[PDB]
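Beneath this line is the structure, given in structure tokens, with notes to follow.
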Amino acid sequence: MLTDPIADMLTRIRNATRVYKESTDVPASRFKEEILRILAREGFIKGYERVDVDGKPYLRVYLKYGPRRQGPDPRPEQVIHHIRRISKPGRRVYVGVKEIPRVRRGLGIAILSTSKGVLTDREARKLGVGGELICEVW
Amino acid sequence: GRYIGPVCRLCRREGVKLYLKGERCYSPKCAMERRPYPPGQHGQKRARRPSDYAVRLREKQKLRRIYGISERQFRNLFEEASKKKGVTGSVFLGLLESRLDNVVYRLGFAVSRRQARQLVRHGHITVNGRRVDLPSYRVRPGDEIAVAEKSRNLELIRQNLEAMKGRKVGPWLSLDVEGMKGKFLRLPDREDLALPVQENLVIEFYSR
Amino acid sequence: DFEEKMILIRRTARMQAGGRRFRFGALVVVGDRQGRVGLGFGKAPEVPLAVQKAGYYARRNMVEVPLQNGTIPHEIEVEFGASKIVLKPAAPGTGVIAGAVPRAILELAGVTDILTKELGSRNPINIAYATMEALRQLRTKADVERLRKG
Amino acid sequence: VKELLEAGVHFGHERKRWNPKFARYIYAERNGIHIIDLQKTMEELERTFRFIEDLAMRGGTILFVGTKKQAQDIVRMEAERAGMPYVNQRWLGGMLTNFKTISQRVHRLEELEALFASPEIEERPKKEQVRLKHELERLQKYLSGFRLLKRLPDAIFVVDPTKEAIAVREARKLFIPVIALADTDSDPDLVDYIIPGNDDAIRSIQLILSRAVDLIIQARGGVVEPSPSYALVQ
RNA sequence: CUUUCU
RNA sequence: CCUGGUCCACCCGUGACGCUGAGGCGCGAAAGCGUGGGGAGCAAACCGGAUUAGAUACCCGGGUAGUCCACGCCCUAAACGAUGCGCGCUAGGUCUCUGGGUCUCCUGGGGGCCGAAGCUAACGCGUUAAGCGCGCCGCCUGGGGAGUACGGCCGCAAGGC
RNA sequence: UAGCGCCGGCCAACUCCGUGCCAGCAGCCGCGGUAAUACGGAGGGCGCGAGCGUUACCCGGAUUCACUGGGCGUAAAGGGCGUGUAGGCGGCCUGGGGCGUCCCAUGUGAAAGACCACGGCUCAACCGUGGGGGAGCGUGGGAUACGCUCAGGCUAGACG
Ligand SMILES: [Mg+2]
Ligand SMILES: [Mg+2]
Ligand SMILES: [Mg+2]
Ligand SMILES: [Mg+2]
Ligand SMILES: [Mg+2]
Ligand SMILES: [Mg+2]
Ligand SMILES: [Mg+2]
Ligand SMILES: [Mg+2]
Ligand SMILES: [Mg+2]
Ligand SMILES: [Mg+2]
Ligand SMILES: [Mg+2]
Ligand SMILES: [Mg+2]
Ligand SMILES: [Mg+2]
Ligand SMILES: [Mg+2]
Ligand SMILES: [Mg+2]
Ligand SMILES: [Mg+2]
Ligand SMILES: [Mg+2]
Ligand SMILES: [Mg+2]
Ligand SMILES: [Mg+2]
Ligand SMILES: [Mg+2]
Ligand SMILES: [Mg+2]
Ligand SMILES: [Mg+2]
Ligand SMILES: [Mg+2]
Ligand SMILES: [Mg+2]
Ligand SMILES: [Zn+2]
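Protein chains in written order, with my numbering: chain A, 1 to 138; chain B, 139 to 346; chain C, 347 to 496; chain D, 497 to 730.
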């Protein structure tokens with residue numbers, strides 16, 4: 001079975017971006033879509049849209065990259081240099097609003113899932129709440 | 139107790155010139171005047187590239203040997219500046235500069251740091267009246283630092299306060315040569331002091 | 347302008363019927379303490395020659411360090427081979443907390459306050475490269491912002 | 497300088513073992529071979545050629561690189577048809593990268609052509625008088641186009657990048673813009689200004705280059721007449 | 001073929 | 001004759017019924033053990049020839065257990081891909097085995113080789129991962145002492161764990 | 001009154017003499033078999049200083065039991081394979097619950113110690129006063145994204 005959907009997605013994204021795919025599909029789920037929403041907002045992806053692959057619902061995730069580079073290996077700088085699951089089944093990770101980490105001295109973000117929806121860390125901190133520490137991204 | 143022993147040898151080992159004597163240390167004799175090399179049988183041999191350690195060790199030895207202080211005290215003073223808010227490098231110097239024996243010296247009451255220590259010890263000093271003979275007493279802002287009335291007649295205190303006529307004083311100080319008084323206005327800042335020291339190193343040395 | 351710290355010089359040897367045949371290698375760091383650091387590893391028949399070649403190679407391999415008030419914009423952990431270097435930014439008066447190798451680079455880098463840690467293989471040469479590499483990846487909220495514009 | 501009906505030549509090339517990365521520039525297969533999409537070949541031509549005027553109308557140099565026998569001649573032609581230098585026979589390792597060195601070679605060439613006219617023309621055993629003949633022979637066999645370059649080029653026009661992989665790599669290490677008429681069998685990503693189309697065939701190579709050489713002059717106040725290289729297209 | 005040690 | 005696994009096409013049925021798996025139970029090369037049978041060739045041990053300084057060996061001639069069958073036991077191994085299982089994801093090229101197709105190519109299952117990205121100490125691995133991830137089991141923590149001692153459990157014994 | 005340790009490298013501090021794989025040093029690597037900065041003394045030096053050095057033990061260095069933070073093709077490390085119990089883990093949509101989880105208030109979290117401030121003893125050590133922090137748990141109120149649970153639905157896993 002597909003043991004962990006949220007990881008499965010971050011990974012697909014991680015994998016696609018690593019070989020510079022333009023778009024990339026992932027089996028859709030409300031929760032997954034919600035995360036991408038932040039992904040798009042924080043400007044980590046061009047964005048995404050609901051599509052239908054072989055009859056079943058997916059989510060194209062339009063990737064984004066830095067510009068072409070100089071000298072050897074003109075491969076673009078990543079926009080998503082990092083992205084890691086944190087809470088994982090059989091090892092859930094919950095944090096109090098006071099225990100919310102500051103990803104990459106603020107240059108990166110962490111996506112929490114709270115009873116107030118799935119906000120980022122600044123959003124959560126602002127709203128004074130905590131929750132499952134889904135993943136960091138920078 | 140404090141070092142006590144040939145002092146200009148430190149002057150020489152530390153390369154830099156240290157004023158651990160006041161007079162003479164200005165006369166063509168601080169030895170750093172034609173002999174800026176370390177003491178001992180090897181003074182003049184080539185110097186091998188010092189190790190990261192060496193450097194830090196030396197820098198500390200320098201600063202410390204200046205205010206003539208036991209590593210014991212020096213260290214604790216450091217560990218204190220460490221805890222206190224504010225750039226440690228500064229805070230630390232500010233604290234060394236707050237020792238009574240230092241101020242007595244920074245106020246021209248004494249020719250050197252050593253001498254000022256003795257003045258403090260032999261009770262020739264005042265701190266807002268009450269005499270204080272603890273050379274490691276922390277002089278703080280507002281404190282007036284007089285001279286023992288009884289001692290005010292002492293030739294030394296006279297000669298010293300005499301030549302003090304004219305000489306300016308640190309911007310964190312101020313002295314009334316008349317009544318032989320002086321006030322500790324504020325903790326001197328790093329910029330205020332011109333010590334031949336790289337305290338960033340001294341910090342790093344206690345990092346190890 | 348460019349200061350020059352020499353990390354390590356080693357002797358090493360090759361074999362030939364008839365004897366061992368050494369050649370030295372020297373790791374050199376070069377920086378202006380402004381924000382430009384350069385690492386070079388040069389080898390050659392005699393120590394001097396090696397050191398020189400190294401400086402040469404170093405100057406030809408510079409990195410732009412985002413020094414922000416003596417420190418670095420954020421934590422980095424770079425693994426070069428079995429060597430892993432860790433860089434944490436620190437406030438004023440902290441000083442440079444790092445091993446002889448990472449330090450020597452960080453210093454000519456113009457870095458004044460950082461927390462450091464060498465994990466894994468502690469091979470100067472590989473740790474050195476790790477350090478350099480870590481610096482190469484340092485970014486600013488500016489760049490980060492720039493990259494996530496559009 | 498242009499045209500869209502360049503279907504007259506270039507377009508599709510290379511059986512089918514391509515280089516997945518050249519996927520974009522491909523239109524489809526036919527009887528087995530891929531088909532380079534020319535409309536794109538166009539979009540690229542513009543962009544590329546533009547970059548060339550810039551470089552050209554600036555007095556900038558461009559090292560033409562063509563080892564591929566299928567263009568070995570066209571490269572001399574066009575390159576000579578402009579004060580431009582070229583590497584025609586073998587691309588020596590480090591021409592770009594170890595320039596100050598390979599230069600010493602172009603020095604020797606000159607320093608020799610001298611003796612073979614000087615008072616010493618006939619001096620020392622004809623043996624040396626022969627070894628020196630050789631000295632030049634080869635010196636001139638590879639440094640006839642690389643002759644010019646007094647300093648590192650400001651760019652490089654490579655025939656087939658794959659075949660010329662080394663030339664490219666070097667330039668890149670030196671951040672020397674890379675231009676190239678490349679197709680199916682190559683890594684487009686290593687090319688700065690690409691001309692996706694038949695890496696092989698003279699009828700193709702001849703066109704693109706010549707037009708590109710014209711464009712150079714048609715941007716240097718020379719406004720020269722038709723190319724003497726169309727002759728090598730039979 | 002076998003054909004030890006230093 | 002009896003019977004297991006497995007793959008493809010159609011997409012027809014059920015509707016998360018799934019994955020991993022401490023124990024348990026079972027299977028488990030060879031040699032070995034027990035009872036009975038068999039025994040051509042081969043062949044530990046053994047009996048001889050030769051070689052050698054010696055030859056308890058290699059070479060030559062014989063030769064018993066055994067190798068074979070049955071029923072029961074033993075349970076180990078370089079039991080190896082020295083690489084636990086499942087799922088998703090990340091260029092291709094080439095050869096091959098088997099199925100389907102509109103069958104000079106596409107497509108599914110499997111076996112190989114070269115390889116993108118990436119990983120790796122290196123060697124190498126690279127959609128048959130040693131890459132990117134998640135789930136569950138097992139296992140490692142300097143060498144020798146030592147797979148030994150002691151204890152326990154299993155075995156007829158050898159011996160195993 | 002000034003002593004004690006050290007000066008081959010880790011590690012700050014180098015020379016002469018004596019000895020000759022001896023006598024000895026030694027934490028590890030090692031040093032000593034006639035030019036020893038490594039033994040013994042001396043001169044000189046480095047570091048601490050009424051202390052200095054040793055031994056012992058604990059934490060550190062040791063991401064070397066790795067939660068933070070490690071690994072198992074050839075370095076130590078995949079179980080000989082399967083079937084499978086407990087246990088761990090669980091696709092998409094919706095609804096109820098609100099156990100986990102998050103939030104607020106409140107009680108508790110003694111004093112001492114730790115932290116900050118000011119103060120007392122000539123300073124400090126020591127001590128006094130005041131202030132702030134504090135996981136955990138109790139009670140009440142709230143949230144529901146995720147996990148759990150219950151119910152309903154689905155076909156993309158699985159089975160047929
Ligand atoms: Mg590693
Ligand atoms: Mg069958
Ligand atoms: Mg159906
Ligand atoms: Mg139904
Ligand atoms: Mg058997
Ligand atoms: Mg039997
Ligand atoms: Mg026989
Ligand atoms: Mg026989
Ligand atoms: Mg068996
Ligand atoms: Mg296959
Ligand atoms: Mg590669
Ligand atoms: Mg391979
Ligand atoms: Mg042991
Ligand atoms: Mg028994
Ligand atoms: Mg030393
Ligand atoms: Mg001797
Ligand atoms: Mg530990
Ligand atoms: Mg761990
Ligand atoms: Mg390990
Ligand atoms: Mg092993
Ligand atoms: Mg196995
Ligand atoms: Mg679920
Ligand atoms: Mg609740
Ligand atoms: Mg007080
Ligand atoms: Zn002096």
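A virtual CB, placed ideally from N, CA and C, is assigned to each residue, including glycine.
Just to check, is the beta-carbon of B/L158 closer than 7 Å to a non-hydrogen atom of ligand 25? yes
From the DSSP secondary-structure annotation, give me the bridge partner or partners of A/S113. A/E132
Under the three-state DSSP convention, the category D/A678 falls into: The answer is strand: DSSP assigns D/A678 an E or B state.
Could you give the DSSP three-state label for C/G371: helix, strand or coil? strand
How do the segment 313-326 of chain B and the segment 280-287 of chain B stand: do at least 3 beta-carbon pairs fall below 8 Å, yes or no? yes
Check whether the segment 555-565 of chain D and the segment 652-667 of chain D touch, using three or more Cβ-Cβ pairs below 8 Å as the test. yes
According to DSSP, what are the bridge partners of C/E423? C/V432
Within this structure, are the beta carbons of B/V340 and B/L201 separated by less than 8 Å? Yes, Cβ-Cβ distance for B/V340 and B/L201 is below 8 Å.
In chain order, what are the residue ranges of uninterrupted alpha helix (DSSP H) at least 4 long that sit wholly in the segment 208-246 of chain B? Taking only runs of at least 4 residues, the alpha helix (DSSP H) segments lying wholly in the segment 208-246 of chain B are 209-221, 226-234, 238-244.
Cβ contact (3+ pairs, closer than 8 Å) linking the segment 6-21 of chain A and the segment 74-92 of chain A: yes
Within a Cβ cutoff of 8 Å, which residues of the same chain sit near D/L500, ignoring the five residues on either side of it in sequence? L534, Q535, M538
If you compare alpha carbons, which of A/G66, A/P74, A/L107 is closest to C/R485? A/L107
Among residues of its own chain, excluding the 5 on either side of C/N407, which ones have a beta-carbon nearer than 7 Å to its beta-carbon? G384, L385, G386
Regarding B/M170 and ligand 25, is the C-beta to nearest heavy atom distance less than 7 Å? yes
Counting contacts by CB-CB distance shorter than 8 Å, is C/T462 in contact with chain B? no
Could you pull the DSSP bridge partners for B/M302 from this structure? In DSSP, B/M302 forms no bridge with anything.
Chain A beta carbons: is any one of them nearer than 8 Å to that of C/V490? With respect to chain A, the C-beta atom of C/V490 has a partner C-beta closer than 8 Å.
C-beta contact flag for C/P470 and C/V447 at 8 Å: yes
Any beta-carbon of chain C closer than 8 Å to the one on B/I283? No, B/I283 does not count as interfacial toward chain C.
Find the residues of chain A that neighbour D/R668, judging by a C-beta separation of less than 9 Å, and give them in chain order. In chain order, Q70, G71, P72, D73, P74 make up the part of chain A whose C-beta sits under 9 Å from the C-beta of D/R668.
For the beta strand (DSSP E) that contains A/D52, what are its first and last residues? 47-53
From the beta carbon of C/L493, is the nearest beta carbon of chain A less than 8 Å away? yes
Option nearest D/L728 by Cα separation, candidates D/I712, D/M580, D/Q714, D/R699: Of D/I712, D/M580, D/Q714, D/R699, the residue nearest in Cα terms is D/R699.
Hey, does C/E421 have any beta-carbon neighbour from chain A nearer than 8 Å? yes
Any beta-carbon of chain C closer than 8 Å to the one on A/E99? no
Can the beta-carbon of A/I134 be found closer than 8 Å to that of A/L112? yes
C/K487 touches chain A at which residues, Cβ-Cβ below 9 Å? By Cβ distance, chain A contributes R105, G106, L107.
The alpha helix (DSSP H) enclosing C/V383, as first and last residue numbers: Where C/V383 is concerned, there is no enclosing alpha helix (DSSP H), although the beta strand (DSSP E) it sits in stretches over 382-390.
Does the Cβ-Cβ distance between C/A396 and C/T417 come in under 8 Å? The answer is no: Cβ separation not under 8 Å.
DSSP three-state label for D/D683, please. coil
Taking the alpha-carbon of A/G55 as reference, which of A/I109, A/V97, A/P27 has the nearest alpha-carbon? A/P27
Anything in chain A within Cβ reach of D/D685, meaning under 7 Å, just list it in chain order. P74
Three-pair Cβ contact test at 8 Å for the segment 445-461 of chain C versus the segment 514-522 of chain D: no
Is the beta carbon of D/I532 less than 8 Å from the beta carbon of D/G693? yes
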